[PDB]
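The basis for the numbers below is simple: all heavy atoms, side chains too, and nothing from hydrogens, waters or symmetry mates. Residue numbering restarts at 1 for every chain, and letters A, B, ... go by the order of the sequence lines.
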Amino acid sequence: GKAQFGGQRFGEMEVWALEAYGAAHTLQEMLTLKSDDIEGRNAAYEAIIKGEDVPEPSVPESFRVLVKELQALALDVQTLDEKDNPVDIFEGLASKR
Amino acid sequence: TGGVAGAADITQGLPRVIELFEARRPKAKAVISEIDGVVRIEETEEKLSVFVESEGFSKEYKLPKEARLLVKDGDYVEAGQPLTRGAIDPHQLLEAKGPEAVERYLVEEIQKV
Amino acid sequence: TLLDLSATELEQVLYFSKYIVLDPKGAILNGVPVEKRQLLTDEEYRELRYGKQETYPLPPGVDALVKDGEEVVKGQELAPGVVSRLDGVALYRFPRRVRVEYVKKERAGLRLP
Amino acid sequence: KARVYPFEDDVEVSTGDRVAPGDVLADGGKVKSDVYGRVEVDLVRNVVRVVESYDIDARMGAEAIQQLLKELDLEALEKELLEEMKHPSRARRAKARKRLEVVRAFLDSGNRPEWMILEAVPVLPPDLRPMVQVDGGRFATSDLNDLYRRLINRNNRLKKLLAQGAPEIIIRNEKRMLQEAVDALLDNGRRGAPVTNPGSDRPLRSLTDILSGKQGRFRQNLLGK
Amino acid sequence: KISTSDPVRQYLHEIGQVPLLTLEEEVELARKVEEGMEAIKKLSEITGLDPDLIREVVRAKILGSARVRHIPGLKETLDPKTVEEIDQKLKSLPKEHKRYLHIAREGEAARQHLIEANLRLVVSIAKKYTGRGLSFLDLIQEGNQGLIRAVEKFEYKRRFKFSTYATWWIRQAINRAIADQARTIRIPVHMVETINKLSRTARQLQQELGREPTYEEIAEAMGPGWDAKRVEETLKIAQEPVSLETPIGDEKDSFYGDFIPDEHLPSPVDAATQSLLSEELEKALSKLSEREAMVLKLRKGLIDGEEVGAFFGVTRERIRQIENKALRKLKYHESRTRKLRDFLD
Amino acid sequence: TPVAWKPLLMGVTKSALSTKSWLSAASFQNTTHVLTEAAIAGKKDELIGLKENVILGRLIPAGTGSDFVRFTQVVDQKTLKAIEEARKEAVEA
Ligand SMILES: [Mg+2]
Ligand SMILES: [Mg+2]
Ligand SMILES: [Mg+2]
Ligand SMILES: [Mg+2]
Ligand SMILES: [Mg+2]
Ligand SMILES: [Mg+2]
Ligand SMILES: [Mg+2]
Ligand SMILES: [Mg+2]
Ligand SMILES: [Mg+2]
Ligand SMILES: [Mg+2]
Ligand SMILES: [Mg+2]
Ligand SMILES: [Mg+2]
Ligand SMILES: [Mg+2]
Ligand SMILES: [Mg+2]
Ligand SMILES: [Mg+2]
Ligand SMILES: [Mg+2]
Ligand SMILES: [Mg+2]
Ligand SMILES: [Mg+2]
Ligand SMILES: [Mg+2]
Ligand SMILES: [Mg+2]
Ligand SMILES: [Mg+2]
Ligand SMILES: [Mg+2]
Ligand SMILES: [Mg+2]
Ligand SMILES: [Mg+2]
Ligand SMILES: [Mg+2]
Ligand SMILES: [Mg+2]
Ligand SMILES: [Mg+2]
Ligand SMILES: [Mg+2]
Ligand SMILES: [Mg+2]
Ligand SMILES: [Mg+2]
Ligand SMILES: [Mg+2]
Ligand SMILES: [Mg+2]
Ligand SMILES: [Mg+2]
Ligand SMILES: [Mg+2]
Ligand SMILES: [Mg+2]
Ligand SMILES: [Mg+2]
Ligand SMILES: [Mg+2]
Ligand SMILES: [Mg+2]
Ligand SMILES: [Mg+2]
Ligand SMILES: [Mg+2]
Ligand SMILES: [Mg+2]
Ligand SMILES: [Mg+2]
Ligand SMILES: [Mg+2]
Ligand SMILES: [Mg+2]
Ligand SMILES: [Mg+2]
Ligand SMILES: [Mg+2]
Ligand SMILES: [Mg+2]
Ligand SMILES: [Mg+2]
Ligand SMILES: [Mg+2]
Ligand SMILES: [Mg+2]
Ligand SMILES: [Mg+2]
Ligand SMILES: [Mg+2]
Ligand SMILES: [Mg+2]
Ligand SMILES: [Mg+2]
Ligand SMILES: [Mg+2]
Ligand SMILES: [Mg+2]
Ligand SMILES: [Mg+2]
Ligand SMILES: [Mg+2]
Ligand SMILES: [Mg+2]
Ligand SMILES: [Mg+2]
Ligand SMILES: [Mg+2]
Ligand SMILES: [Mg+2]
Ligand SMILES: [Mg+2]
Ligand SMILES: [Mg+2]
Ligand SMILES: [Mg+2]
Ligand SMILES: [Mg+2]
Ligand SMILES: [Mg+2]
Ligand SMILES: [Mg+2]
Ligand SMILES: [Mg+2]
Ligand SMILES: [Mg+2]
Ligand SMILES: [Mg+2]
Ligand SMILES: [Mg+2]
Ligand SMILES: [Mg+2]
Ligand SMILES: [Mg+2]
Ligand SMILES: [Mg+2]
Ligand SMILES: [Mg+2]
Ligand SMILES: [Mg+2]
Ligand SMILES: [Mg+2]
Ligand SMILES: [Mg+2]
Ligand SMILES: [Mg+2]
Ligand SMILES: [Mg+2]
Ligand SMILES: [Mg+2]
Ligand SMILES: [Mg+2]
């Protein structure tokens with residue numbers, strides 16, 4: 001807006017470009033650390049600050065926003081394990097009380 | 001591709017590449033030969049007709065006025081061979097000569113553009 | 001689909017408005033047995049749960065129809081088409097018994113407390 | 001049918017009435033004695049009015065479907081359609097094959113079908129349906145909240161309508177609105193389109209419009225970030 | 001199909017089949033409703049059971065089976081056994097009290113009947129409180145809840161009929177509804193009328209100036225305690241909100257919520273802040289006296305913002321003593337090894 | 001129980017319009033239907049393919065995220081002798 005420049009858009013056409021390359025992490029980054037991973041970008045900066053080689057991406061808020069919008073409708077979207085069992089995206093905020 | 005008018009037979013450029021990836025019914029279809037045998041043609045006024053037959057059986061093919069025929073009274077026509085001039089529907093070639101055929105038709109028909 | 005109901009219209013019918021579907025059992029008839037999964041209208045439904053026919057026809061003046069009706073109303077089983085005799089023709093066209101209500105000035109006999 | 005002097009026969013529990021003293025019948029609303037099932041009472045002459053219609057389960061609305069859905073043993077309908085599938089001609093067997101599709105997956109793996117009926121509406125998070133201070137004092141909230149209020153008001157007015165006393169027409173009337181409402185948050189426009197009051201004849205984005213939409217969720221989950 | 005028509009037809013049809021006669025039918029029903037009351041109460045008297053209990057059991061027997069008790073009100077009255085027990089004592093009531101039982105039900109029915117018949121009355125009424133911000137069906141429904149309210153208080157002894165009576169009891173229910181639900185951010189009835197008066201006043205002011213009144217006129221014309229700050233405030237509350245989801249700029253595909261920034265969330269800059277700040281504040285906190293440093297560290301950084309109430313047993317003199325002496329040695333050595341100077345804020 | 005089939009040819013649009021993972025199908029056909037069905041049936045989207053696995057913000061199935069190389073370790077001959085010494089130490093008493 002006013003004084004902070006606002007990020008550039010990473011379009012599908014651009015995603016594929018990376019998809020085509022073996023840019024695995026570089027694409028994850030663009031989808032996590034750089035734009036939607038709330039907890040990720042934070043630990044990301046700080047890590048960079050302490051000269052820490054950036055951390056491994058946490059779940060993107062795009063994902064979490066989705067699951068919940070999806071929960072808003074009857075549907076239940078639950079991630080699973082090696083063996084079909086739960087795993088947790090919403091780090092500790094969904095269990096109750 | 002093309003526009004309904006007199007006799008516009010094929011489809012060029014991207015329009016075609018769309019008609020190809022998406023299995024579609026060409027503007028000017030070309031009736032393929034479901035049977036591999038020999039050719040026979042007829043005279044009467046309204047509609048033409050090409051018949052493919054083997055010692056086993058024969059099949060009648062309705063070729064209206066606009067259809068310019070590539071085959072002649074006399075020789076063999078493999079399954080899924082062009083018996084009309086122009087475009088071919090992949091589904092039909094699939095059924096007739098097989099997938100191996102369609103697959104090979106699709107690729108080459110695409111590169112043509 | 002899963003529930004064999006009119007896939008698209010029996011739903012719309014009972015869902016948003018009052019068109020009833022007899023769920024388990026309903027002994028009394030429409031003319032035929034209880035419709036296990038069939039649906040019916042308010043009207044006919046109404047005719048059921050309270051009693052076959054409702055007819056409230058209330059007389060114009062105080063002495064003409066108030067007498068015709070009263071004489072034959074209290075204990076007398078009134079057959080269908082009971083032709084009450086005074087304004088026009090008070091027509092009671094249905095079943096079993098009858099219950100009249102008030103009585104002004106003419107003659108008082110056999111009425112309630 | 002009006003009975004004046006009913007008598008006592010104790011095979012089944014005493015039906016109807018006694019001469020004049022004992023009256024076992026229910027008062028004058030709902031009472032099932034024999035095949036005839038309603039009983040009105042006129043203490044004038046001993047007159048036990050006994051209407052004839054009987055216990056007919058009549059329902060409309062998700063109530064009726066909820067029931068229907070619980071009662072079904074998919075296994076039965078699975079085997080029933082199996083036979084209907086291969087044996088009769090193409091007309092009713094074709095319908096049965098499309099109807100066996102859904103029933104199979106239900107049973108196969110995943111979850112069972114009584115859940116399609118809604119009696120507990122999940123509410124989307126709060127910060128996801130903000131209420132924000134804009135300019136001058138203008139505020140800004142996700143369209144979802146006008147829809148949520150819709151349902152809550154209706155749901156409440158329903159409860160209080162049941163409690164206060166219940167004239168049929170009005171209760172359905174509401175239950176209708178209620179239904180419609182439950183659609184609104186989930187998906188708007190499939191059946192009519194809800195509007196914020198005179199200002200914008202705009203479909204309040206439904207949770208659906210959120211996921212799909214002109215520019216929705218999985219949608220812009222791929223346009224870019 | 002479309003929802004207004006169906007209900008309109010729905011009750012209009014039933015009124016069409018059962019309007020209530022001017023005097024007779026309304027009198028009749030009325031009389032029965034009251035006798036119900038007198039009945040239920042006298043039933044309460046002889047059974048020791050609360051008139052609320054007597055009321056709900058006669059309701060179940062006349063309005064609906066176990067089905068209506070179980071889903072509407074969760075479960076405290078056993079669907080079968082409970083209500084039945086209650087009906088049994090009602091039967092036991094000899095000739096004298098049994099009469100009240102029989103009356104109560106019949107009265108309960110009549111009630112519903114009167115309510116059914118006077119539904120056109122509501123809709124005719126509710127018809128005019130249309131454009132207030134409530135859906136016609138919502139409006140009729142509240143108004144309906146209003147007519148039921150009237151039914152509870154009408155005294156047939158006092159000759160006036162239910163028409164004029166329902167009118168009031170309905171108009172009150174509607175107006176309330178309009179004031180309680182119409183807005184996203186609730187506004188009390190007084191503020192409401194307040195807003196109407198403000199509007200109306202702005203109307204008479206538009207009448208001649210040719211100048212949409214500065215908030216000067218509105219104050220004057222309004223009355224006793226009206227001032228500019230008051231009017232600017234009310235109309236600020238009068239503006240309903242805006243749709244967070246609204247077409248923005250070239251309406252092509254713009255949605256208003258992607259543009260608002262976020263405040264609680266520590267933009268990276270702040271997470272780095274709390275990292276060094278806490279690590280350096282934690283280093284200083286250790287190599288010190290835990291007597292008055294932790295006191296002011298915990299009293300200030302752990303709970304809430306009390307010199308005296310700050311230190312445990314040791315009075316104020318040792319507080320100010322170590323507070324100001326340790327706080328300055330800490331500051332002056334931090335002046336040496338400049339780490340804090342560059343105001344983290 | 002011979003499963004007799006018939007080779008079918010469908011358009012690139014449709015080929016994708018209907019596929020294993022509903023995730024991918026939710027992305028372009030009818031998010032509305034795609035889900036409805038994927039739901040009813042209790043669909044376990046095994047993530048393979050980049051579209052579906054990108055929405056997750058998960059590493060891509062194709063590329064350096066290859067099950068063939070996701071796991072590979074490196075060594076210095078110095079750390080090689082160090083680990084075997086750890087094994088030598090395993091000899092008890
Ligand atoms: Mg953490
Ligand atoms: Mg991180
Ligand atoms: Mg470093
Ligand atoms: Mg480290
Ligand atoms: Mg992590
Ligand atoms: Mg879900
Ligand atoms: Mg042309
Ligand atoms: Mg032309
Ligand atoms: Mg032509
Ligand atoms: Mg075609
Ligand atoms: Mg010839
Ligand atoms: Mg010929
Ligand atoms: Mg030709
Ligand atoms: Mg040849
Ligand atoms: Mg050629
Ligand atoms: Mg084949
Ligand atoms: Mg073949
Ligand atoms: Mg071949
Ligand atoms: Mg083949
Ligand atoms: Mg070929
Ligand atoms: Mg059907
Ligand atoms: Mg049909
Ligand atoms: Mg059907
Ligand atoms: Mg309908
Ligand atoms: Mg049935
Ligand atoms: Mg009905
Ligand atoms: Mg006689
Ligand atoms: Mg008739
Ligand atoms: Mg008299
Ligand atoms: Mg006798
Ligand atoms: Mg026996
Ligand atoms: Mg069956
Ligand atoms: Mg059959
Ligand atoms: Mg069918
Ligand atoms: Mg349902
Ligand atoms: Mg301001
Ligand atoms: Mg609203
Ligand atoms: Mg009714
Ligand atoms: Mg009705
Ligand atoms: Mg609409
Ligand atoms: Mg509308
Ligand atoms: Mg509206
Ligand atoms: Mg609104
Ligand atoms: Mg409106
Ligand atoms: Mg839409
Ligand atoms: Mg949409
Ligand atoms: Mg009394
Ligand atoms: Mg006593
Ligand atoms: Mg409870
Ligand atoms: Mg208790
Ligand atoms: Mg029972
Ligand atoms: Mg029972
Ligand atoms: Mg007494
Ligand atoms: Mg108006
Ligand atoms: Mg008036
Ligand atoms: Mg104003
Ligand atoms: Mg005025
Ligand atoms: Mg203004
Ligand atoms: Mg703009
Ligand atoms: Mg931030
Ligand atoms: Mg530290
Ligand atoms: Mg130190
Ligand atoms: Mg210590
Ligand atoms: Mg120390
Ligand atoms: Mg130290
Ligand atoms: Mg301190
Ligand atoms: Mg402290
Ligand atoms: Mg405090
Ligand atoms: Mg202490
Ligand atoms: Mg000192
Ligand atoms: Mg000193
Ligand atoms: Mg010091
Ligand atoms: Mg300086
Ligand atoms: Mg398309
Ligand atoms: Mg399509
Ligand atoms: Mg797409
Ligand atoms: Mg839709
Ligand atoms: Mg599917
Ligand atoms: Mg790796
Ligand atoms: Mg190594
Ligand atoms: Mg050792
Ligand atoms: Mg040794
Ligand atoms: Mg040794």
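- The CG atom of A/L80 lies 9.5 Å from the CD atom of F/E46; values are rounded to the nearest 0.5 Å.
- For the pair F/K51 and A/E12, the salt-bridge criterion is not met [side-chain N within less than 4.0 Å of a carboxylate O].
- With A/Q28 contributing its side chain and F/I60 its backbone, the two residues share no donor-acceptor pair below 3.5 Å.
- In the displayed structure, A/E52 atom CD is contacted under 6.0 Å by more than 12 heavy atoms of other residues, nucleotides or ligands.
- Against chain A, the residues from residues 64-77 of chain F that qualify, each with a non-hydrogen atom under 4.5 angstrom away, are F/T64, F/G65 in number order.
- Under a cut-off of 6.0 angstrom, the local environment of NZ in F/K14 is sparse, with at most 12 non-hydrogen atoms contributed by other residues, nucleotides or ligands.
- Looking at A/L70, the atoms closer than 4.5 Å to chain F (heavy atoms on both sides) all sit in the side chain, from C-beta outward.
- Neither the backbone nor the side chain of A/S62 has a heavy atom closer than 4.5 Å to any heavy atom of chain F.
- For A/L66, the part sitting under 4.5 Å from any heavy atom of chain F is the side chain, from C-beta outward, and nothing else.
- Contact annotation for A/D84: only side-chain heavy atoms (C-beta onward) come within less than 4.5 Å of a heavy atom of chain F.
- Surrounding OH of A/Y21 are at most 12 heavy atoms belonging to other residues, nucleotides or ligands under 6.0 Å away.
- No side-chain heavy atom of F/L56 sits less than 4.5 Å from a side-chain heavy atom of A/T79.
- Atom CD of F/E85 has more than 12 neighbouring heavy atoms from other residues, nucleotides or ligands inside a 6.0 Å radius.
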